[PDB]
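Visitor: I need the structure of the sequence given here:
(one chain, ligands or ions: 1)
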Amino acid sequence: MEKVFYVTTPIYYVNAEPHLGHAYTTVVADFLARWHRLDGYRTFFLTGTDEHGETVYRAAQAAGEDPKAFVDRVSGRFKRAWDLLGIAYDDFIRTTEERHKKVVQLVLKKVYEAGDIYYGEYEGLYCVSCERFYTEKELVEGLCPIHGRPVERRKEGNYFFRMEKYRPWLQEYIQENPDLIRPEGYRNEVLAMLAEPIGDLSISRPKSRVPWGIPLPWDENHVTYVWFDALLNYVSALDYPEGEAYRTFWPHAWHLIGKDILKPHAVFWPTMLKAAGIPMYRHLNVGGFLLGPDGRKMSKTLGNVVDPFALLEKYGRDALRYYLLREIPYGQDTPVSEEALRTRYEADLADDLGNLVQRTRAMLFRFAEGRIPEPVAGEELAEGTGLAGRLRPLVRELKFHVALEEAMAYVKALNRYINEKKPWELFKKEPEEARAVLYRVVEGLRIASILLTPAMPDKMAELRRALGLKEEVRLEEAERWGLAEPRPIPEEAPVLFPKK
Ligand SMILES: [Zn+2]
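Guide: Residues are numbered from 1 along each chain as shown. The coordinates are given below.
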């Protein structure tokens, strides 16, 4: 009713093996969602797969499999992948689902009846083998990417959407809403395109060419092609018309995308919503490219490709997520490598966090009889309760690297604290002081673990379990000092982050 959060990731092409780019955007959405769930927000985190089209159709035909049966099996590679990355999405939308088809046809009819749709002719480079149109850039120097054959100018009957008519409105909307497209840099690029005519939008293709897809309500001989299909998922998953979910979440829609699909989300999408009578989204959040270790765009030929799943099996899901959130500023092109991840893992996780936990546990068994000491003021460590409040705005503004840098900064402060106070020496003189010092460390770690939960859900819960703290938490608990209770700690706990 008040605190509402809705985040979406793009709907990914089904016949595409999940890669680093899909992993990053999805992990960022997961973090954003987990964080808000923790801040007491009624939240919805959506993800899904794009399954229609002729490429997908021809791939199914090759394997001698039914189209539906094909996407059904391959869409699962994404579900399995998200399972491995620990993605807690609320819904997984598939464009072949009935609920989606229903909404697409519904928005199509409404827009067609509004007179924004007309039959026309599309012209351009065409590949007879592909049965699809290409643009200059899309052509690998003259010829078709696949088939490597010459394309020829061709025309084809297509239904169009009067998108140009909406350019004036869109231009001004972005001018009136400077926060619409989060990373500022990107907001200036959209405005540049709206300065020139954007033209009309082809929204269909003959079933003769594209037999796999959603038919137009007024012309079953045609199929919805891309746009009015994939884009509507954001609204389809909410049962848009009479759905409670649509009424609750749509008003706070946060779209996460990569810069590659910026025009479709910043220009096309807003005008389709306008013509459909649907309110504009709240924010379009653009992430940059995760460049190879050589600072170049990942690629086979360059052999600079980084596989997240291989890296996940080596260091674990928690390590991977942390590295990507702490090391890559959202919106900026950043190179990634296995070396950068191993360093962060060695320093931040295995040493600063894991060792401190292992160290504190050993010291509780020795100086506190295997139990958390009696609560005491935090002194210079009490300032950590003001982190949640300083992090909230940092997170909302897509500054995840700065947020985590702050949380880990506190963890480093904890290390320095215990290394300075030296509880094993203070015990000889005053046991009460040694215990006091230890309590501040367990309570300092409790708070830290909370702040880091969205980044490493399993590991942070493991940290609390290992210190006898309450596993399930809420961000508000990280704002009050003295919550850790004096209870025994598990006699044996595995090393949080083992040596690799
Ligand atoms: Zn081709």
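
Visitor: For stretch 444-463, measure first residue to last.
Guide: 12 Å (C-alpha to C-alpha, to the nearest Å).

Visitor: So residue 99 is in contact with residue 238, correct?
Guide: No. The criterion here is C-beta atoms under 8 Å, and residue 99 misses it with residue 238 at 9.7 Å. All C-beta atoms are positioned from the backbone trio N, CA, C, and that covers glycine.

Visitor: More neighbours: those two, which one.
Guide: residue 238 (24 against 14; other C-beta atoms under 10 Å).

Visitor: For the more buried one, give its distance to the ion.
Guide: Note on residue 238: its distance to the ion, by C-beta to the ion, to the nearest Å, is 37 Å.

Visitor: Same check on residue 368?
Guide: In terms of C-beta to the ion, residue 368 sits 70 Å off from the ion.

Visitor: give me the number of residues near that residue?
Guide: Around residue 368 there are 23 residues (other C-beta under 10 Å).

Visitor: Pretty sure it sits against residue 436.
Guide: No. With contact taken as C-beta under 8 Å, residue 368 and residue 436 are classed as non-touching, separated by 10.5 Å.

Visitor: Enumerate the residues of this protein near the ion.
Guide: 127, 129-130, 144, 146-147 (C-beta under 5 Å from the ion).

Visitor: what about burial for the residues you listed, which qualify?
Guide: 127, 130, 144 (16 or more other C-beta atoms under 10 Å).

Visitor: tell me the phi and psi of the nearest residue to residue 317 once chain neighbours are set aside?
Guide: Counting by C-beta to C-beta, 6 or more residues apart in numbering, residue 86 is the residue found nearest to residue 317 once chain neighbours are left out, at 5.1 Å. When read as degrees, to the nearest 10, the backbone of residue 86 gives phi 70, psi 40.

Visitor: Distance of residue 118 relative to residue 162?
Guide: Noted for residue 118: a distance of 7 Å to residue 162, by C-beta to C-beta, to the nearest Å.

Visitor: If you count surrounding residues, which of these two has more?
Guide: Each of residue 118 and residue 162 has its neighbours counted (other C-beta under 10 Å); residue 162 has more, 17 against 11.

Visitor: Dump stretch 210-227 to CSV, restricted to CA.
Guide: Provided in CSV are the C-alpha atoms of stretch 210-227 (Å, rounded to 0.1, in the frame of the first residue of the first chain):
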residue,chain,number,x,y,z
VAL,A,210,7.2,-16.2,-39.5
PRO,A,211,4.8,-19.0,-38.5
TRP,A,212,5.9,-18.9,-34.8
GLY,A,213,4.3,-16.1,-32.8
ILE,A,214,1.1,-14.4,-31.6
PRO,A,215,-1.4,-13.7,-34.4
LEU,A,216,-2.9,-10.2,-34.9
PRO,A,217,-6.5,-10.1,-33.6
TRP,A,218,-7.7,-8.6,-36.9
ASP,A,219,-5.5,-10.6,-39.2
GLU,A,220,-4.5,-14.2,-38.2
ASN,A,221,-2.4,-14.3,-41.4
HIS,A,222,0.0,-12.1,-39.6
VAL,A,223,2.1,-12.6,-36.5
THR,A,224,3.1,-10.1,-33.8
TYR,A,225,6.8,-9.6,-34.5
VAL,A,226,9.1,-8.7,-31.5
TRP,A,227,8.0,-5.4,-30.1
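
Visitor: Any buried residues in it, and which?
Guide: So stretch 210-227, judged by 16+ other C-beta under 10 Å, has buried residues 210, 212-216, 222-227.

Visitor: Please flag which of those residues sit within helices.
Guide: Of those, the ones assigned to helices by DSSP state H are residue 227.

Visitor: which stretches of the stretch 151-300 of the chain form strands?
Guide: Applying DSSP state E, counting those that start in this stretch to the stretch 151-300 of the chain gives strands spanning 152-161, 201-202, 204-206, 215-216, 219-224, 253-258, 283-287, 290-291.

Visitor: just to revisit the earlier point, let's have the residues of the chain next to the ion in a markdown table, adding secondary structure.
Guide: What follows is those, written out as a markdown table (DSSP: H, G, I helix; E, B strand; the rest coil):
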| residue | secondary structure |
| --- | --- |
| 127 | strand |
| 129 | coil |
| 130 | coil |
| 144 | coil |
| 146 | coil |
| 147 | coil |
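
Visitor: Does the residue nearest to residue 317 touch residue 320 like I think?
Guide: No. If you go by C-beta under 8 Å, residue 86 and residue 320 don't touch, sitting 9.6 Å apart.

Visitor: So between these two, which is more surrounded?
Guide: For the pair residue 86 and residue 320, the greater number of neighbours falls to residue 320 (24 against 19), based on other C-beta under 10 Å.

Visitor: so the more buried one makes contact with residue 344?
Guide: No. Judged on C-beta under 8 Å, residue 320 makes no contact with residue 344 at a distance of 10.2 Å.

Visitor: Phi and psi next, for the residue of the stretch 151-300 of the chain found nearest the ion.
Guide: Of all residues in the stretch 151-300 of the chain, the one sitting closest to the ion is residue 151 (7.4 Å; C-beta to the ion). The phi/psi pair for residue 151 (degrees, to the nearest 10) reads phi -100, psi 160.

Visitor: Just list the residues touching it, thanks.
Guide: For residue 151, the contact set (C-beta atoms under 8 Å, 6 or more residues apart in numbering) comprises 125-127, 134, 139, 143-144.

Visitor: ditto for residue 143
Guide: Applying C-beta under 8 Å, 6+ apart, the residues contacting residue 143 are 149-151.

Visitor: Could you do residue 223 as well?
Guide: Residues counted as contacts of residue 223 (C-beta under 8 Å, 6+ apart) are 52, 204-207, 210-216.

Visitor: What's opposite it in the beta bridge?
Guide: Residue 223 has the following beta-bridge partners by DSSP bridges: residue 205, residue 215.

Visitor: and the gap between it and residue 454?
Guide: 40 Å.

Visitor: Domain boundaries for this structure, per the record?
Guide: With domains defined by curated CATH domains, the chain comprises 1-115+227-336, 116-226, 337-500.

Visitor: Between the two ends of the first one, how far is it?
Guide: End-to-end span of domain 1-115+227-336 (C-alpha to C-alpha): 40 Å.
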